[PDB]
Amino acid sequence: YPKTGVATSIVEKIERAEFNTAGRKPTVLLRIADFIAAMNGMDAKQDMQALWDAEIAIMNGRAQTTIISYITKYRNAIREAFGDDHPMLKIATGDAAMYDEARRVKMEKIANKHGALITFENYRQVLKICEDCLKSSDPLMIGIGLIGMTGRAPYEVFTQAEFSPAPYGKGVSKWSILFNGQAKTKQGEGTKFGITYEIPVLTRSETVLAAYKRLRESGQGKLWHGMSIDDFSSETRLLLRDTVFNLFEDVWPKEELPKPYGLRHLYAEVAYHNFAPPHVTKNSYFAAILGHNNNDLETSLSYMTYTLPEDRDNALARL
C-alpha cells in the first residue's frame, strides 16, 4: 500500500496528444490523470469516496456499457499507479445492480439471437473472397482473408498470431494448423494463454501459412507485430472496418452489416459443419476451436449467430 504514483500510459497518451493536427480533446484521459494526481497523498477512505463520487457524477449521461468501460479504465489506471493493494480499488467500482443488469441485457441479446438465426446464404462467396484476399499483396487484405480462413480475432491475426504446420501422423495436416497467441485470456490458468493448440482451417494449410509469412515479412506487418490493443485500434480499426464493409457489401446477409468479427462467427459454423466429430457437441466444438477457458461452454453461446443454407434446406426436408 503506497499513496504515491503515476499512471504512465495515460500521461504518455496525453503528452503525445499535445501535438494533434486534428481530432477530439482527450477529456476522459485528462479526467483520469487528474483523478490519479489527486489520489496522491490520500489516506482517508472518506476523501477517496468523495473523489470517486465526483467522477461518478461526471459520467452521468453516458450509456451503461460506456460507464462500465470507463470504470475499467479508471481501475486499470489505479492499478498502474498505485498497485493492486490500493483501497481505492474497493471504492472505484460499479454498483452490483449495474453489472447484474449488464449481464441480464447481454444474456437477453444472446437468447434473442438463438431464437432467430440468420441464414448466411452466400457464405461460400464470402469464404471465396477471403481465400482471394490470401493472395493479395496488401497486408490488410491478407489479414482479412486470415480472419476468414483461420477464424482468429483481428488483433490476433495482425499483432501476435503464431501459425505453424500441424503434424498428421507422419506428415502435415491439410485442413488444420497449430496456432499460438490467444487473446483476452487475462492470463487465467485454465485458458489458452501461451498455449499452442490445433485449429481447423477453411482452405489448404499451405496457402494459409504462406500468406501469413507474406503478412509478417511485410513492412506494415512488422509495424503491426507486437502492438498493444490501443496502438492496433488507433492504427487500423477504421480502415479494416471500411475495407470489410466494401469487400462483402453485396454478399453478406442483409439482416446485418458485414463486420470483421462476423468472419470468426461464420468460421466456427462452417468449421463445425465440416470437421466436427460425432461424439462432441456444437458448444464443445466451438469452445475447442475458439480456444476458450477450460470447462466453459457458455461463451460459445455468443458465437451461434448464423445458420448455413444447406442446414436450413434439410431442416425443411425433415418436416
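Numbers follow the displayed sequence, beginning with 1.
For the pair 26 to 34 and 260 to 268, the record assigns the higher mean C-alpha temperature factor to 26 to 34. When the two stretches 281 to 289 and 43 to 51 are set side by side, the higher mean Cα temperature factor goes to 43 to 51. Taking the PDB entry at face value, the top CA B factor among 168, 193, 158, 163 belongs to 168.
In the deposited coordinates, the residue among 216, 79, 241, 106 with the greatest CA B-factor is 216. Residue 98: CA B factor in the lowest third of modelled residues in this chain (values from the PDB entry). Compared with the other modelled residues of the chain, the Cα B-factor recorded for residue 230 ranks in the middle third. In this PDB entry, the Cα temperature factor of residue 137 sits in the top third of its chain's modelled residues, the highest group. Sort the modelled residues of the chain by CA B factor and residue 58 lands in the highest third. When the modelled residues of the chain are ordered by their C-alpha B factor, residue 200 lands in the middle third.
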